[PDB]
Structures are given as C-alpha cells and as structure tokens.
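Structure assessment
Now for the letters of each chain:
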Amino acid sequence: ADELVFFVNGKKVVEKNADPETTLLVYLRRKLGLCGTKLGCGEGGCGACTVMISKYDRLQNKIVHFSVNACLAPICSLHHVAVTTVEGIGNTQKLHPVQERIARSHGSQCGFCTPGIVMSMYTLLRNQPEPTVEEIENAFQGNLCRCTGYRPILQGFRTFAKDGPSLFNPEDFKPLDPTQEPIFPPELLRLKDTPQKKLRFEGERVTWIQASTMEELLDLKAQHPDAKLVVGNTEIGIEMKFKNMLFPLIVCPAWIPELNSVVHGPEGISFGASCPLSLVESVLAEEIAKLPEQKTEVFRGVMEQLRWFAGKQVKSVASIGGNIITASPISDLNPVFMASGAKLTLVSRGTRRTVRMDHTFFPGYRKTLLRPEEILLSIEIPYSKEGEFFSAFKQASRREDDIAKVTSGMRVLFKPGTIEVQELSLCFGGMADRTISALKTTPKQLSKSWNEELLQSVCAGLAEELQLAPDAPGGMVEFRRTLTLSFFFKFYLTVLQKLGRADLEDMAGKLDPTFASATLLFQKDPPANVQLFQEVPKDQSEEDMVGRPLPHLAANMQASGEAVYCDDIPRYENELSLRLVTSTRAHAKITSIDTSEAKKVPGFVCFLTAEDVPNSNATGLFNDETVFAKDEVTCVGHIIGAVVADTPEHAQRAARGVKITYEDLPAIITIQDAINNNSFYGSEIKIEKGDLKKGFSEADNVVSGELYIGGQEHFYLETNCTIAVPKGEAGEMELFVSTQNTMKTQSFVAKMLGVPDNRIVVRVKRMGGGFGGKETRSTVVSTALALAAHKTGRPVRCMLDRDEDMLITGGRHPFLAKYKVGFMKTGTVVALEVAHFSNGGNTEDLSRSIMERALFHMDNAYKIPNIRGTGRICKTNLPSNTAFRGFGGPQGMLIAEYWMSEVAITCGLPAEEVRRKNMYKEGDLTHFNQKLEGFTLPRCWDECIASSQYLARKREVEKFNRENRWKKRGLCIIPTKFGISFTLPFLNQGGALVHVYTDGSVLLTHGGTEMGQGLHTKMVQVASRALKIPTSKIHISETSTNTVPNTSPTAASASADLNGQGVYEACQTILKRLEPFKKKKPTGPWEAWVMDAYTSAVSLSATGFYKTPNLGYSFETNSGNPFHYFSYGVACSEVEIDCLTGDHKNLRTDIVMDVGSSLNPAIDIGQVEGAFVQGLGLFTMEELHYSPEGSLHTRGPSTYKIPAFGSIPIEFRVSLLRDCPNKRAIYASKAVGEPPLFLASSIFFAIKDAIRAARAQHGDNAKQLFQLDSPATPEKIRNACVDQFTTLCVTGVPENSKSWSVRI
Ligand SMILES: Cc1cc2nc3c(=O)[nH]c(=O)nc-3n(C[C@H](O)[C@H](O)[C@H](O)COP(=O)(O)OP(=O)(O)OC[C@H]3O[C@@H](n4cnc5c(N)ncnc54)[C@H](O)[C@@H]3O)c2cc1C
Ligand SMILES: NC(=O)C1=CN([C@@H]2O[C@H](COP(=O)(O)OP(=O)(O)OC[C@H]3O[C@@H](n4cnc5c(N)ncnc54)[C@H](O)[C@@H]3O)[C@@H](O)[C@H]2O)C=CC1
Ligand SMILES: O=c1[nH]c(=O)c2[nH]c(=O)[nH]c2[nH]1
Ligand code: FES
Ligand code: FES
Ligand SMILES: [Ca+2]
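Residues numbered from 1 in each chain as written, not as in the entry; some residues may be left out. Chains lettered and ligands numbered in written order. Part of a larger assembly, values for the part shown. Heavy atoms only, no water.

- What the deposited record gives as its method is X-ray crystallography, and the resolution it gives is 2.2000 Å.

- As recorded by the PDB entry, the protein carries the name Xanthine dehydrogenase/oxidase and is attributed to Rattus norvegicus.
- In its Function section, the UniProt entry covering the protein states "Key enzyme in purine degradation. Catalyzes the oxidation of hypoxanthine to xanthine. Catalyzes the oxidation of xanthine to uric acid. Contributes to the generation of reactive oxygen species."
- Under the heading Sequence similarities, UniProt records this for the protein: "Belongs to the xanthine dehydrogenase family." (UniProt positions renumbered as here; feature names shortened; annotations may be inferred.)

What follows is the structure in structure tokens.
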C-alpha cells in the first residue's frame, strides 16, 4: 500500500501522505501536539527526544520494547509499531512511579531533559522490572543533563534496584504494578497474522520503499543502484540534516528475515547486516557467558567496543552492517573486524561473494569494495583459536557516547606450545582517512618470541609507519601517535599475562607487579553519596517552609512533560517560521546577496536584511552590534538576515538558497592576533595595592609563568527561542521568549521597531537552562523575530537548532594570564603581578564586567600585601563571548590556584599548609579594600579537611603511586571566596507585584525568571512565611514586563536575594492593610480577613521593591564595596589517571559550602552539585575547536562533551555549613548559583598532582614546574605523562605550517 499505520500512546495513527523526511519527533510535536518529547540536539546525543517503541517481533515471536531517539527515527520506518511518549505513562493526576521518583528526589531542575530520562528508565523497567544499579546507570549512556549533576537522578532511581535530615523519603514512593502499564494495541497483534508487503511513501523530495523480501531489495538495487539503504538512519539522518545530503530514493530493508538472522557456525557467529547492535550485544554476552574463555577473545573485543558505543536509544536501531558500510575512519567496530579477519557476505541480483575484511576492503575515504548494486548480507564474527589472543581499545574525549581519537583491534596467534608469533594483526581507526592495518610493522614480527625486543621493534615501527600530517583532520597528532604505541604496550602486557594463564609463565616471564594495573579493563566502584544540611528549629510551624527541602514547584509537571517551554506553546493557524542566515567568513565585505533559489522554495515569504529595519540597526548592551550585518561581516556566525517561510523545513531550505558573495578582509582571531594589532575593548583595567618593587626584592623565591584557560559553551538543554505575536494596534507586540533578561529584550525590540517600551510586552514562563547564556545573547533571535512579525502582521516563531545556537550565541571567555609571584621559603606570598587577557569576540557585550570580576577574584582566598592585576579584553573576529555562571571569577581564581600550586612545589611544602597559611583572616581587607566580615571560610576548611579525612587519604595516595607505574592518584583541597552582587551597582534592585483575590488565594509575580534554579519555589516559600499562610494558597504563573518593569537580568546569583526582599516588602504592605481586620477577628481564618478587607474597600494589591544598600566601587581610588557579602566553600577531590591513555576517574569529592541559613537545602544542594559538575566540564573535558580562519568546528554534543552520568565523582559528598546566618540577605540566606563552580578546580589540581607523580618516574628532576593548561583533557594529561612512548612520537612542528585548529 501507501498508508502509514502506527500507534501513539495507544491511539491509532493513519498517515495517508507520509513524507520520508518527517521524523517521529516532528510528527509527535507538530502533528499530534504532544510536546512532552523535546528537541535538544537533533543528532542522537542528548536523549531529550527519547521515546519507547513496542512491536510484535516476527523473528523472536514476542512483544518487544526498546527506546529510540525520536529526532532520528523516520516515521516511514515505523509501520505497525506502538510508540509510547512521556504523556503515555502518566500525568500529574496519576504519575507513573518513574515520574514520581525523579520529581520527589530533586532530579528535575530546569526539567527539559526529564521526559527523556523518564523514558529511558521506563523502557528499562518494561524490559527488566528489577534492574541492578549498573543496569540503571547504563540506561542513561545516551541522556544528558546540564543542571542536576546527575547524583539525585541516580539516587532516586536506585530505589528501583535489585541491589541498591533527609532530602526525600523513599518510603513514601508508591510501588510499581506492571499490570497497569498500557496494553499492546490488539489491532497490531491481529495484523501479525497477515504477511508484510512492500510499501511506498512519496514526499516532497524523497521516495521511501520499505522492502518486504530479499528479492524485492536486490531487484530494486539492480534497477536503481542509486537507491539509498536506510536501516537505523543514525548516519543517514545526520547526513541529511547536517551535511545537507539529499537521497531522492531510499530503501529500508529492516523487515527482511535474511538481514536479521543469527546463525551459529563452526567458525563463528553470523549476523545479518540489519541486526541492531543491541542484538549483537545480547547474543555475544550469552556466548561469552557459556563458552570457554579461549573461544571468546574476539567476542569480548567487540563487547568492549560496544560498551562505549553510543547509548541504548542508538544501539536499538543502529545496525552492524550500517557501521561497516558507513566506513568512517573512526569506526569502533571496523578495526576489530579487520584485526579478526571477519567474513563478510555480499550479494546482488544473481551474484554472491564472500570476502575477508582487510586493507583492500576500504579503498578510500568512506568507501568499500561493494559494487553500487551490492548489499552486505551478513558478517561472521569468529571464535578465537588456542594460542590466539585479542584486545580492543578506544580513547576519546569522554568515555561515554563519544567519537574515538584512536580506536584499535589487535590479534596475536602463537605457534602451538610456543611464545613465537605465527600471526599478528594491529588495526587502527583515527590514524588515516580509513581503517588501516600496520602492514609494514607486523610482518617483521613473525617467528619472533613475545618479549622486550618485540615490544621495542613494534613501537619503533608504529612510530615510523603511522605518521600524521600537521594538518590532519581531528588535530591532536602527538596524542594520537602516542596512543597507538600505548595501546600496543597494553596489548603486549595483557598477552604476557594471558600466556602465563595458559601455563607458559616461565617462557613468557612474569609481569613486574607495579605494571599489572596497566592491563585492567575499566571498572568503577558503586556510587556513594552524602548530603548534609541543617534542620529548622523545632518550634517552626509546619506551614513555614523556609529552610525546608521543598521540591521544585514544577517538578511533577516536568516529569510528566506537561510543563510548557516556549516551543511547546501551540502555533497560531497563521504562524510563520524564521531561519537565520549567517556569515561563513570571519572578516569580509558583503558584495552581493542572491535570493533566487530561496524564492523557489514553496512557502517562502521574505528575506529580511538591514534594509528592512524600521528604526535602528544598532543593538547590543553597548550599541556596537548590528541587528543584521550591513556591508561587512565580522565573525563566522554574524547574522546577515533571516528567511521567513510557512514551515521550519521550508525556512531551512530557503536559507540554503540565499547565496552570499564575500571579499575577505584581514581577520583578528586569537588573543595574540589582537595583542599584535592593539585590538581591544576599552582601556586596561587595573587593581594594585602595596609596593611591588619592595615585595619582589624581599622575596626568597620568584616564579613566572603563563596559563591558558579555554572557553565554554553553556549547552542549556533548551536552545534560544522566541515567538513574537503582533497585535495589529499601536505597534503592540507580545514576545514569548526563553530569556534571563526581559528588560533588554523589550528595549532592544522597541528600539529596533521604533516604538515606545510601553508597546512591547515580554513574557517568560520558564527556560530549559540559561547559565548566563540567555542574559543578553537571546536578543539576536528575539529582534529578528519581532521584525518578521511586524513586517508580516503574523505571529512568527524561531527555535535555534543546536548547531546554530552553538555557532551564534558565544560562550565563556577564554583567558590568557601571565603571572609573577614572589614568596618566602615558608610558602608565604609577598608579591604578585598578573596580566590577564580575554577573548571577547566581535561585540563588547558583558566582556569588561567579566574582566572586572576576574580581577576582583585574583586573590581567591589569599592575603597578598603587594599585588598588581591587570586585564585587557581582546576584540576579535569571533562570535561575541558573554556571561557564563561564574562571570570571570573561575578564570581569575584558577590562575590564583595555579601559581599557588607552584609556590608549594618550589618550597617543597604540603600544598594544603601553604594555602592555609596564606588565607585571609576575619577583618582583613582584600586587594580592592573590602573588609571580610562573617568570614566563614576557615570553618569550611577545617570541616572539609577533617570530614574528608584528607591527611589519611594522602598516605594512601602516596602508597598507591609507589606501587603502580601506569596509573597514578592525586588529591587536592581547594578553597574559594566569591563576591555576591552585580559589579554594576544599580542592577542590584528587584521588584514584585502581589494580588490577593477574594477567595484568599494569592497571585505573586517578581522580576526573576525560572531557568531550573528553583527561584519561584523559593519566592513562594518566602511569601508564605511573610504572609503566614500555606504555600498552597500562593501561586506564581510567569514573569512579565507588564507586571514588573525595569528588572535586572536573572544573573549574578542575586535573584533570590533581590526578588525575595521585593516579595517580602509587597507582603508586608498587604499584612499592614489586613491588620485592623486581623485585630477584630483574631482567630477567624485568612479568608475572613480578606473578604472583610474587600467589602470594606481596602486594596488587596501591592508592589514591592528592593535595592542593595551601600554598593559602589571605584577603580580610580580603589574604594567602596562592590559586594554585599561573600560566599565561601571548600572542596577536596581525589582522581585516578591512566598514564597510558590520558583517561581518568573522579574517585571522590567532598564539598563544604556556606549558603547561610538556606531558603531551601534541597534546591541549594542541587545548585552546589550542578555548578560543581559544570566546573568539572570547564576544567577537564569541555573544549571548543576553531579553524585557523575562525570557524567553529564544535557544533553539537557529538564533538562537544559535557559531563555524562558516568563522569561524576564516584563518592560525592556535600555539606551545607551549619549555624551561619547572613543577616543582610533574605531570611539569613546566601546566594548559591555561581560560587561552587570553581570548586571543581580541586579535580584539575588533583589531576596535576597525579601527572607530577607519573613524571617523577620517567625524566630528569624533581620539582620542575610543568605546564598544564585548562581544560585538562585526555590529550593534555597523556602528553604531560612523558615516557618512552611519548619520546618516540615527538617528531614534528615544521614551522609553519597548516593545522586543523588554532588556539584562540
Ligand atoms: C549518538 C550516536 C553515537 C554514535 N556512536 C558511535 C560509536 O561510538 N562508534 C561508531 O563506530 N559509530 C557510532 N555512531 C555511528 C552509527 O550509529 C553507526 O555507524 C551505526 O551502526 C549506523 O547504522 P544504521 O543502521 O543507523 O545506518 P544507516 O544510517 O541506516 O545507514 C548507514 C550507511 O550504511 C548503508 N547500509 C546499511 N545497511 C546496508 C547493507 N546491508 N548493505 C549495504 N549498505 C548498507 C546505508 O546505505 C548508509 O550508507 C554513533 C551515531 C550516533 C547518532
Ligand atoms: N555522534 C556521535 O556521538 C558519534 C558518532 N560516531 C561517528 O563519528 C562520525 C563523524 O563524522 P565526520 O564528522 O564526517 O568525521 P569523519 O568520518 O570525517 O572522521 C573524522 C576523523 O577521521 C580521521 N581522519 C579523516 N581524514 C583523515 C586524514 N586525512 N588524516 C588523518 N586522519 C583523518 C580523523 O581521526 C578525524 O577526527 C559519524 O559519521 C559517526 O559514524 C562515532 C562516535 C560518536
Ligand atoms: O557581577 C555580575 N554581573 C553580571 O551581569 C552577571 N551575570 C552573571 O551570570 N554573573 C554576573 N555577575
Ligand atoms: S534531540 Fe534527539 S538526541 Fe538530542
Ligand atoms: S534539569 Fe536536566 S537539563 Fe535541566
Ligand atoms: Ca563580548
């Protein structure tokens, strides 16, 4: 036929005109209106779109359930299946146990990732009602969360595990009843009695054929070799979406029995090419469990690769044949199949051949071997033989769901009874434009014994044979080469052990006992978590929730997918879609724009440019930005214009047909380019105190150095989004925006349009994360959209794709620092001079205020009598960098801790002793002359050092390092001081509006926006105490410019402080009005007083306002307080590094945080954990790469690696400091959002210690100050662990000299 029939949440869908390009995500959200399932990336990496599929499997003869990425699933692949979304399992009226548990355990903050995580856990439970803790963790390999730090999610779900004051109470969790899950649609069970026939779907550009038999597939390939095979679509979906590939004819062979068979033969196991990787995994796990070890070496090699291959959603549909035929150079399976000589069967109409995978199979970049009319039928994965050993290796940026830098399969076969090499095969991915074998090194080794001279001969060969051009795609050439040698060393040592286990230990020899840990397969301990906080007074009423662990008010709705984010709002029938058109050049003249092709796309409306702007094209915080480029473009990502079309698909197609011609201009990309060109934003910023000349002369030692700190992408799970609704009267417009800054959104729109501010209303219900990235940069979408709405008179909507968002909106400022520190032999610091440089990109934005804050925190926790700090902001042809949680603090403080670590090393004293003796005391003045009152940091230090048992663990670390050569541990304890308040004083103001209706219910609003930090929850808690009524009588619906005007951004961690005071004051006004009625009816309920007030004509509405008193610092006189108070905290972390690969484990972290008297210890601990884990990403794994021409390479989760479930400290302890009220802030609390992020430097410095231990083993001296830039990635860790393998790989750097990426 041509009707597409499937089920969604038990309801039958009949699509009479299915378009092959339509994904399930798009169909669910836009056709069925089910917006619980989210778009977070569109590329299989985040899991936000996770849904469950059920089907009757014809081959297994049973109902099966599995999870998929809705963003990648073509609906045309989904004939006769049943889809379940988050809405299908439960809702707020009846939550599923999974939804209840994630909500109540504080595992949902912003909530944008919650439905996908719910669906991952739900699918696991449908497959395994009693999972293990390990199975639960494994369920989320393809899910990301940017807010929670993962800990609460795993803790809540652990309650499901077979083998798994309080923040939450698991005894209150309702039990699971599997009989209450949705029925498998009866019609579908009826339909399995009728045979499957070929189906044909024809779309706008694409024809899709769902083949039922091999005969039909082969005929079609013979007659149309052009036909594109699609099985899982996990490559083709990406090729179509991101590489703009169009395959007009697609054939899906997934129904064909022959491509799905598993056959056990005498030589191995044959898998049909369409077999999902999940099936390959389950089949091989079975075989490994039942067969003797000696037969399963290759099976275990495949399994070791699949362990770190994507997550459950991808492996459910991704085929074994699809990975082979894709033939990416970084395939994880191809080097294993090549090294094992796996047997491939290829077929076409009338032909059949069997081939062995070897070098000839891959004759070029992303090519086989196969003829245009051939398909891969099956692959035989071999049993290993006696004397045959196998290892598989992968090293990436992150263990989980990542692209290999180097991947490898290695096989050795020994002549019987000997340790002489009969066969040897070493195959590599990531070392060429294809999977390659080391065919020049390995023949030289045949007949040799497995010994030290074989080791040295292979390493020397590999280093000569596996050369890389300085400009090789992927970069990291020294690291990649070092890994090939390091992987062979591990295989060499593993084979020695395997020979000993075969009772040839005397022939082969024993392993040095300090070498044994080098061969261990990756394993973690089970997680252990602690949360400590203070109970509220015994006499506090149960209805006073201030200081109580109240769950986020929207947690239940977030878990159910009922909470509404911008793009979940239904479209008006006349709504249009916008797509931005951006510069592909870093600095160029625009010489012409050609929209000829754009105009041919059906649904095209218009292309907006600078000419269409009614009033002003000048925008941005400092008016130095264009709404749309005029005459020139100044970064790759510079917005030139915007296409308007009927649908987002038509807008994307039209935007591709906008052809721009450029004339290149001289580009300034790097901080050095900018120094050389005197290209800066404003003048040097400077803080200086004491006498530097005297300080340096009195110093026993002086140490100079530099540090580079890489930037950071926010990766809020919800990208930037605006809907502009024009009202057709008086210039009136309403914008619904994911923004932290309603005021500037309103102002920038109004100024662009040329209307007063009173015409523009900006509304924000909630954001799926912001982290500073939506403080200003949101407006580049808002203004373009507001313009399209004005021009058309129709509502217009734009949500950015992840690749667009990462390119356009910028991130944290990269920093370069040059320091000189003077100190005594005692470790006492007497003089410090630091020059800071940041890379600001192509507009000023917040850059100068960021540098100010870096300079305010260059002391960190340390008293330094003679200090000079300067900052310069570089003006470059890069997307403009902006606010990011920390706002320059983390960079400033990392530099401080960096030279401090070198002070301790140079003195030969314990680092903790050096830090402690340099720490401020109560009453000291900072370098900017602010007095330190209520200085809790020494308490945080003493409590953390003791509770973490730092000294006893130091002993164990030193012991570990003496007993292990190729793994090292490190341990560090780091303090922090963080000033709370906007550096711009007048921004420290907040407003509220409160209404009491005649039923006694209260509607509260304030200037702060909800982005997952639980601000509305805290404000309700505050108002409930202030009014003395239960939280249940108070509701906050949204943030709006027309309820509270002139609001500061939700930023600087200040929002609870500012809005809390505003809310408190509005509530006090109301109470004052009710007092005469309270005095008359002293016990009569709240509702009586309110009705009495109303009928006496007393106003039940009030504004409230607050400004932080006594702020205002001058850089000129170094006087006045920039901050209202400081936040304090300490963290101790332990790590274990792999010296041979650069991988590491975060073993344990203990945090003690001063949050005053917490408004909400559940939310505050969640903020501590979330901030800490973002810092962990900043300092250890998050890295952005740019071409030498200033083009961002890193445009999605595939290449940009944020912390995953498996990244977090295995033991994770957080304590909130007891008995530390902060009188000056709302109910004695302190701000919490930004201060804990820098604490993750404890991991950076623990890594540095482990490297120092590794370097003490190979090399001359001693207390050498080696370089470690941030982030400390596997590349930087491995390269710093100088040994015999790095030495054979150094060769290169021919000045000068093209490279894949440049450091900005
Ligand atoms: C989030 C994510 C993580 C990933 N992680 C990894 C990883 O860690 N390691 C790794 O190696 N890959 C990884 N991949 C790549 C990808 O998932 C695998 O290559 C997968 O096996 C592709 O299979 P598919 O069925 O989805 O292929 P499809 O996209 O449907 O097709 C891929 C190619 O194979 C061809 N093809 C499929 N079947 C046949 C056939 N039998 N005969 C001839 N040609 C055929 C198609 O025409 C197409 O050219 C990842 C992808 C994603 C999205
Ligand atoms: N999305 C994800 O999270 C993951 C996807 N996969 C795979 O990653 C692939 C990424 O595709 P692309 O971006 O097109 O990368 P690609 O397929 O072009 O491969 C890039 C890599 O190949 C190597 N390479 C290519 N040419 C080279 C040369 N001339 N010299 C030396 N080395 C060279 C380099 O190691 C480089 O990093 C996907 O197709 C997918 O199969 C694998 C892991 C994760
Ligand atoms: O002092 C600050 N000002 C800001 O505007 C801001 N934004 C932010 O995320 N942190 C800070 N800090
Ligand atoms: S939206 Fe599908 S994986 Fe991110
Ligand atoms: S709560 Fe997980 S991304 Fe925000
Ligand atoms: Ca900037």
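1. Section: the overall build of the protein
- Counting its secondary structure elements, the protein contains 35 helices and 45 strands.
- Radius of gyration (C-alpha) of the protein: 31 Å, near the 34 Å computed for a compact globule of 1304 residues.
- On the principal axes, the C-alpha backbone points of the protein span a range of 95 × 80 × 70 Å.
- Taking all 1304 residues of the protein together, 63% fall into the buried category. (Helix = DSSP H or I, 4+ residues; strand = E, 2+ residues; numbered from the N terminus. Rg over C-alpha atoms; globule rule 2.2 N^0.38 Å. Buried < 20%, exposed > 50% of the residue type's maximum accessible area, 1.4 Å probe, protein only.)

2. Details of the site of ligand 3
- Around ligand 3 lies a shell formed by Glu775, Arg853, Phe887, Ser981, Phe982, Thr983, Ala1051, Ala1052 and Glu1234.
- Here a nitrogen atom of ligand 3 and a side-chain polar atom of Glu775 are 2.7 Å apart.
- Note that a nitrogen atom of ligand 3 is positioned 2.8 Å from one of the side-chain N or O atoms of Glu1234.
- Its free accessible area being 300 Å², ligand 3 has 96% of it covered by the protein chains.
- Counted by class, the shell around ligand 3 contains 4 nonpolar, 2 polar and 3 charged residues. (Near = heavy atom within 4 Å. Polar contact = N/O pair within 3.5 Å; in protein donor to acceptor, adjacent residues only side chain to side chain. Areas by Shrake-Rupley, 256 points an atom, 1.4 Å probe, with all protein chains shown as cover. Nonpolar A, V, L, I, M, F, W, Y, C, P; charged D, E, K, R; others polar.)

3. Remarks on the pairing of strand β17 (residues 421-429)
- Across the 9 residues of β17, 7 count as buried, placing the element largely inside the fold.
- What sits between strand β16 (residues 406-414) and β17 in their antiparallel hairpin is a turn of 6 residues, with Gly417 showing a positive phi close to 75 degrees.
- Both β17 and strand β18 (residues 436-437) contribute to a ladder of 2 bridges, which runs antiparallel. Each bridged residue has a counterpart across the sheet, and for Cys427 the counterpart in β18 is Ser437. (Pairing = 2+ DSSP bridges.)

4. Examining the packing of aromatic side chains
- Counted by the stated rule, this structure contains 40 aromatic pairs.
- Summarising the aromatic geometry, the rings of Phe112 and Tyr565 are spaced 5.1 Å apart at their centres and angled 90 degrees between planes, so their arrangement reads as edge-to-face. Of the two residues, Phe112 and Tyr565, neither departs from the other in class, the shared state being buried.
- Seen in terms of ring centroids, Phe856 and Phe928 are 5.0 Å apart; in terms of plane orientation they differ by 70 degrees. Their pairing is edge-to-face. Here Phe856, found in helix α24 (residues 847-856), pairs with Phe928, found in the loop between α26 (911-918) and α27 (937-947); they are 72 residues apart in sequence, far enough to count as distant.
- Of the residues examined, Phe928 reaches a relative accessible area of 0% and is grouped as buried.
- A cation over an aromatic ring shows up here: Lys774 above the ring of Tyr716, its NZ or CZ 4.5 Å from the ring centre. (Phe/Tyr/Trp six-rings, centres within 6.5 Å; stacked < 30°, edge-to-face > 60°. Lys NZ or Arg CZ within 6 Å of the ring centre and 35° of its normal.)

5. Observations regarding the pairing of strand β26 (residues 639-645)
- The buried fraction of β26 is high, at 7 of 7 residues.
- In terms of strand pairing, strand β20 (residues 576-582) meets β26 through 6 bridges, oriented antiparallel. The residue of β26 that forms the bridge with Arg579 is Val643.
- Pairing analysis gives 4 bridges linking strand β22 (residues 604-608) to β26, with the strands arranged antiparallel. Bridge pairing in β26 links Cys606 to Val644.

6. Some thoughts on the site of ligand 2
- Taken together, 19 residues lie near ligand 2, and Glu235, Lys243, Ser328, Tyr365 and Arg366 sit nearest.
- The contact in question runs from an oxygen atom of ligand 2 to an N or O atom on the side chain of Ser328, over 3.0 Å.
- Interatomic distance of 3.5 Å between a backbone N/O atom of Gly430 and an oxygen atom of ligand 2.
- When ligand 2 sits alone it has 870 Å² of accessible area, and the protein chains cover 70% of it.

7. Section: the coordination of the calcium ion (ligand 6)
- Taken together, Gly840 (O), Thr843 (O), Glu844 (O), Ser847 (OG), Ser880 (OG) and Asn881 (O) make up the full set of protein donors to the calcium ion (ligand 6), lying 2.7 to 2.8 Å away.
- In the primary sequence, the donor residues of the calcium ion (ligand 6) line up as G-x2-T-E-x2-S-x32-S-N. As far as the burial class goes, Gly840 and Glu844 line up, both buried. (Donors = N, O, S within 2.8 Å, 3.2 Å for Na, K, Ca; no water.)

8. Digging into the packing of helix α15 (residues 452-465) against helix α16 (residues 477-508)
- Packing of α15 against α16 leaves a shortest axis separation of 10 Å and a crossing angle of 160 degrees. Taken together, α15 and α16 sit at an angle that is classed as roughly antiparallel. In terms of crossing hand, the pair formed by α15 and α16 is right-handed. Along the contact surface, α15 presents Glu452, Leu454, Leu455, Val458, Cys459, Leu462 and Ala463, while α16 presents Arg481, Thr484, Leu485, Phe488, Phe489 and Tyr492.
- Across the contact of α15 with α16, the residue classes tally to 10 nonpolar, 1 polar and 2 charged. (Axes fitted to C-alpha atoms, helices over the stretch in contact; angles between N-to-C directions. Parallel < 35°, antiparallel > 145°, perpendicular 65-115°, else oblique. Left-handed = near helix turned anticlockwise from the far one by under 90°. Contact = heavy atoms within 4.5 Å.)

9. Notes on the UniProt feature "active site" in the protein
- Sequence positions flagged by UniProt for "active site" are, in local numbering, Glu1234.
- Tracing the backbone shows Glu1234 in the loop between β45 (1211-1216) and α33 (1241-1257).
- The exposure class assigned to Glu1234 is buried, which follows from its relative accessible area of 9%.
- Those residues in contact with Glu1234 that lie beyond four places of it in its chain are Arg885, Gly886, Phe887, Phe978, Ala1052 and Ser1053.
- One polar contact links the side chain of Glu1234 to the main-chain amide nitrogen of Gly886, over a distance of 2.9 Å.

10. Observations concerning the UniProt feature "domain: FAD-binding PCMH-type" in the protein
- Within this numbering scheme, the UniProt entry marks residues 201-386 as carrying the feature "domain: FAD-binding PCMH-type".
- The span residues 201-386 is 31% helical and 22% strand by assignment, and the distance between its end C-alpha atoms comes to 52 Å.

11. Here's the deal with helix α11 (residues 297-306)
- Burial analysis of α11 places 9 of its 10 residues in the buried class, which makes it a mostly covered element.
- When α11 is considered as a whole, its buried residues turn out to be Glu297, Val298, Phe299, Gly301, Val302, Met303, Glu304, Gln305 and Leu306.

12. Some points on the nonpolar core
- Residues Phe157, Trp899 and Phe1172 are the most contacted members of the largest nonpolar core, which totals 160 residues.
- With 10 residues, the single largest contributor to this core is helix α25 (residues 889-907).
- In this structure, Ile209, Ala318, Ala339 and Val347 belong to the second largest nonpolar core, which totals 54 residues. (Core = buried A, V, L, I, M, F, W, Y, C linked by side-chain atoms within 4.5 Å.)

13. Topic: the state of the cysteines
- Summed over all chains, the structure comprises 0 disulfides.
- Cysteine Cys1139 shares no disulfide, and the gap to the nearest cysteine sulfur, in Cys1281, comes to 4.5 Å. (Disulfide = S-S within 2.5 Å.)

14. Details of the side chain of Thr843
- Inspection of the secondary structure puts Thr843 in the loop between β35 (829-839) and α24.
- At 2.8 Å, the side chain of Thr843 and the side chain of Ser880 are in polar contact.
- Those residues in contact with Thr843 that sit more than four places away from it in its chain are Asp624, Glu625, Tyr681 and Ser880.

15. Observations concerning a negative patch on the surface
- Among the surface-exposed residues, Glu134, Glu135, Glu137 and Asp163 lie close enough to one another that they form a single negatively charged patch.
- Locating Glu135 in the fold gives a position in helix α5 (residues 133-138). (Patch = residues over 30% accessible without salt bridge, like charges linked within 9 Å, V, L, I, M, F, W, Y side chains within 5 Å. Salt bridge = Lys/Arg side-chain N within 4 Å of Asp/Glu carboxyl O. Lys, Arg positive; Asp, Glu negative; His and termini not counted. Charge placed at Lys NZ, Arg CZ, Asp CG, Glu CD.)

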